[PDB]
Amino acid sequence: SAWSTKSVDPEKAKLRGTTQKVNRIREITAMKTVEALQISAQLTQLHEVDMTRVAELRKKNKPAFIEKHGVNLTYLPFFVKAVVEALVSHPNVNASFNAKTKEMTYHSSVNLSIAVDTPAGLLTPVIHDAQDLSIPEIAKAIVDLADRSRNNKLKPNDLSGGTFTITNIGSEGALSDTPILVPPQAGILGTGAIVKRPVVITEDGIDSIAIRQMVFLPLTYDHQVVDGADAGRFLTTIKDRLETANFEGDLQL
């Protein structure tokens, strides 16, 4: 047959024609995501980042990174490091709003939530005090928290305290999405698929078309805490850090 089998799970065919009660994980993700949108003013701003230099740095230093630090070098610790630094530099984004008292709380800790796709459903463990971590420590924290999310070895403190979230919306091919932030958080950054795209490049003041590894970074922000220009300035810092790609010293090889 001409039907597509790509990303199709044959085991899900049994679901067809049935009514089944969902598990607690999914039941929580359902009542809480519906509520999140009603108690915040969410909007998603889109920026594109040229990941070609980070890709070249990753390709070059990955073998030594694996040998020294024991874990693989993916794109996620680069996104995490750039976002965590920008949350320190943009304290108005690493913040929570209280609609009753009209007070803004600017968190001194950057407790970064990481969305982890598991067979049981979406889980969002937190990297507490991520501002004190190096790229190797971030890479080991991701491996640890993702493993414990999939094998149900997460403590109650591992799921609380998050001040910002990062989610890989490009894990299943998406260019972008409008991820849902969960108050008290004021932002959630999605990392779209890193795709080769023709872009205009300027070298010595002359424009040319070149193939570059481009990513869309959609930021869902709460308009109660962050304005459009605030969201753009925060994303400009992240984009500048990633496009400059001065991370060789951060890898601690």
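All residue numbers are counted from 1 along the displayed sequence.
Stretch comparison (98-106 versus 162-170) by mean CA B-factor in the PDB entry places 98-106 on top. Averaged over Cα atoms, the B-factor as recorded in the entry is higher for 25-33 than for the other of 25-33 and 187-195. Between the residues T220, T202, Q224, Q213, the entry's highest C-alpha temperature factor is the one at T202. Per the deposited record, the Cα B-factor of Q20 falls in the highest third when ranked against the other modelled residues of its chain.
Among all modelled residues in its chain, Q45 ranks in the lowest third by Cα B-factor.
Among the modelled residues of its chain, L112 has a C-alpha B-factor that falls in the middle third according to the deposited record. Looking at the C-alpha B-factors along this chain, the one for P156 belongs to the highest third.
For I206, the recorded CA temperature factor ranks within the highest third of the chain's modelled residues.
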